[PDB]
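So I've got this experimental structure, pasted below with the sequence.
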Amino acid sequence: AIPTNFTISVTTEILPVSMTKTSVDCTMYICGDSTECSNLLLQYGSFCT
Amino acid sequence: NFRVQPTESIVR
């Protein structure tokens, strides 16, 4: 079988590239406006870092 | 972040 006629068709493709960048402050997410909370979280500063 | 310390204290 030898083709005699052809058709030109253009397709599309959706592929992501990047995503939204977000920052999470450990001291502001766990504590915020307290002193004892910060004093107790200072022992867990390695995890936040 | 920019933390502002409280100046006065009110009691209602």
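Cool, the structure landed. Residues are numbered from 1 along each chain as shown, chains lettered A, B, ... in the order given.

Could you grab the helix/strand/coil label for residue A:18?
The three-state assignment at residue A:18 reads coil, by DSSP: H, G, I helix; E, B strand; the rest coil.

okay, now it: neighbour count?
Residues within reach of residue A:18, counting by other Cβ atoms under 10 Å in any protein chain shown, total 5. Every residue, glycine included, has its C-beta placed from N, CA and C.

One more: the one 10 residues further on?
For residue A:28, the tally of surrounding residues (other Cβ under 10 Å) stands at 11.

That one is in contact with residue A:41, isn't it?
No. When contacts are counted by Cβ atoms under 8 Å, residue A:28 is not listed as touching residue A:41 (10.9 Å).

anything in contact with each of those two?
Both residue A:28 and residue A:41 lack any common contact, where contact means Cβ atoms under 8 Å, 6 or more residues apart in numbering or on different chains.

helix or strand for residue 9, which one?
Picking chain A for this. Taking DSSP states H and E as the definition, residue A:9 sits outside all helices and strands.

check contacts around the residue most central in space within chain B.
Closest residue to the average C-alpha location of chain B: residue B:6 at 2.0 Å, with Cα atoms, centre = their mean. Applying Cβ under 8 Å, 6+ apart, we find residue B:6 in contact with no residue.

go on, residue A:10?
Neighbours of residue A:10 in contact, by Cβ under 8 Å, 6+ apart: none.

Chain A: helices as residue ranges?
A:26-30, A:36-41, A:45-48 (DSSP state H).

Rebuild those helices as TSV, extending it with distance to chain B.
Formatted as TSV, the helices of chain A follow (distance: least, Cβ to the nearest Cβ, whole Å):
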stretch	distance to chain B
helix A:26-30	6
helix A:36-41	10
helix A:45-48	14
